[PDB]
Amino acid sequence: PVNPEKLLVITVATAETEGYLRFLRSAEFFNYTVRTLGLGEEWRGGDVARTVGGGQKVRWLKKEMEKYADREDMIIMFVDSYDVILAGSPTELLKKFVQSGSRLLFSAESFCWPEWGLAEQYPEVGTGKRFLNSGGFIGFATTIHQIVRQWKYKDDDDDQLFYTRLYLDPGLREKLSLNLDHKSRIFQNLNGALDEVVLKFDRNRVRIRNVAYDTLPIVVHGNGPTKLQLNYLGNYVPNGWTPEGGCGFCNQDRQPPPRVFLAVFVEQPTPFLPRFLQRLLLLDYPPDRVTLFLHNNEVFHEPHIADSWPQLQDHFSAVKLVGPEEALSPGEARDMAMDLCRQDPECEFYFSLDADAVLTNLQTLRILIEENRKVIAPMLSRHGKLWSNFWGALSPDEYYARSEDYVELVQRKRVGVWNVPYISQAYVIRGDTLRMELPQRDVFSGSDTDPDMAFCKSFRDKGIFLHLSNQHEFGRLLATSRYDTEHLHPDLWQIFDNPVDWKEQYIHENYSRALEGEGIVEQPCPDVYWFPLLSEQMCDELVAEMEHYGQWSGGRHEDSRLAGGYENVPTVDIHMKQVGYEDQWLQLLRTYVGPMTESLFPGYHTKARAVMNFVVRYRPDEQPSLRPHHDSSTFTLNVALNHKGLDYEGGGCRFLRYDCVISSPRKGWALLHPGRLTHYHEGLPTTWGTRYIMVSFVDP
């Protein structure tokens, strides 16, 4: 049994990047002893991401190995650091090294790189990997010194070619007992083997398994174009996220805060923008520490911004509006906003927030800052769907792809802080990072690629992780796809596409409490119920939309009311069909009035069918009253839309068989009474002003 105190891990790292730090954490988890070569030095090994190079590693390792040239008691494993994680213990590692019978075991990979012609010189291996990879090897310090001491080439010469040629010397391969880990018992290179690697979960740690060879590798190497696949595995392996411990590096359970530049982007017509702008005043972060930048690209939203701007200017430290008249593209506005923070050394954090992001968690900005990441996004999802503001994987084209764990993350089956290839709509970036690692202005622009993808590609090219937290519930994403802007109040038509936000804006705030009991619902007349249904904003916008149409009913107009053996009881009104709001209003009936009626009339069942839905206008100068009649409905819904006293004087609804009068209606409240046989009723005359009501004859 080889003593783990005799094992030393050597790696190379010119800077403490997130990948290197991820490597060290995995090393410390298993109590590995790591020696890092080359910190602070300038990397002269060339663009190893694009071509060959890396000889500076061999030079640095050769110098280091002269100390141990005679240390036959020492085992050394050289590995990369930026794209390597450790999945197994030193004890298991040494046990497997001894089992190999090798004196210097190199990792094996599928490709013969960089010289593909040398493939013939390699020994024939049946079913395992055949060729050498220089990203990881392990052997006796004496044997390794005899190999690396022969380095005498340029810092930008290829390291793997150097080891390959020495390994292809049959006499040297035999003299020193060199070997390759063909079946990935110790080293797992990802390039050319993605379909062979799966995560193997344990209670408080995660590994990988090679299903081709049925092994559990110690070293996971995201070599070549597999950095993002290694990013995925590194979210779990070895103690990233565990079934019983949860994530292993997030905050989990949570004097001046850092100054922040908040950039808000309005790049398309988006619903509920006044609500979004009002919410900015409610973000739980000291506003004197926040500078606001708002780019509005829509003339449709200029009135919305204008209404909010006095409150925003009075609220935040400083404000800046870039309107549609600047003719800025989205990529130019986002480059501008980010560079305003980049060129300001007092900007410690950049917070980018799009208009379709609804932050229900007012502590979002705090939470993300405490995570102490370079880049981090809150997970936002569209209500009741899988679509959200991040990607778990990339197609080969670098386009959208669904990761293996995407649904688990979106459904918050697994929560934590996740290294992901793409984020959007909301993210917090460290100002230091913009100054030191992404100093260019063309972050979102510069190519024909979509700006939000160029942004993410810009950071992946620099080795900057893009983090995503679902540790908390942060909010949701508005549907903006086909937002019909040709209305006086377009958000009235948003009941289908954005129902949660529609309910918060238009359904009465005390509606849901009334539906749960709690003694809000009243019964002013025997079988006539009274409950809050619409908010004041819904009433005001519906009335406005009606008057904007203008074409109220006149003579010859017929309604479905029964009085004295006749249906000749008309009202001056507009039907929802005329204004194209019937489908929308029928949805309100199914979702909100139906369940209320079944609660108040136990035993009755409804699907809220209604052919007759209309807004009535009473006025002393045209039609102020409505004579006694029955409704052609099983039950009738009657919603007030303005204020008695302020907007009109005059009575409301009289139920004759009960001598019971609703004399003081309440604005967003609805009456619910039977339509036939029992509740013969009358609309009392409006004597001053104008009285609006919304009526539906449901279940005719």
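Sequential numbering from 1, following the sequence displayed. What we label the rigid core is the largest C-alpha set whose atoms superpose within 1.5 Å from one form to the other.
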_Higher-deviation segment by CA RMS in 7 other deposited structures of this protein, core fitted, 72-80 or 113-121_ = 113-121
*Superpose by the rigid core: which stretch, 306-314 or 244-252, shows more Cα shift in 7 other deposited structures of this protein?*
244-252
*Within the set of other compared PDB entries, does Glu28 lack a model in a third or more?*
no
*asked:* Quick test of your reading: does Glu41 have no coordinates in a third or more of the other entries compared?
replied: yes
*How many missing residues of the deposited sequence lie between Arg254 and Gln255 in the entry, grouped as none, 1 to 3, 4 to 9, or 10 or more?*
4 to 9
*What stretch has the higher average Cα B-factor here, 314-322 or 455-463?*
314-322
*Which wins on mean Cα temperature factor, 19-27 or 679-687?*
679-687
*Have a look at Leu641, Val34, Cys653, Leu39 and flag the one whose Cα has the highest B-factor in the entry.*
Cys653
*Looking at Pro243, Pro421, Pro378, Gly331, which has the biggest Cα B factor in the entry?*
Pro243
*According to the PDB entry, is the CA B factor of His630 in the bottom, middle or top third of its chain, that is, lowest, middle or highest?*
middle
*Going by the entry, which third of its chain does the Cα temperature factor of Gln56 land in?*
middle
_Where the record places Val698 (Cα B-factor, split into thirds across the chain)_ = middle
*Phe300's Cα B-factor: lowest, middle or highest third of the chain?*
middle
_Considering every modelled residue of the chain and its Cα B-factor in the PDB entry, is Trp151 in the lowest, middle or highest third?_
highest
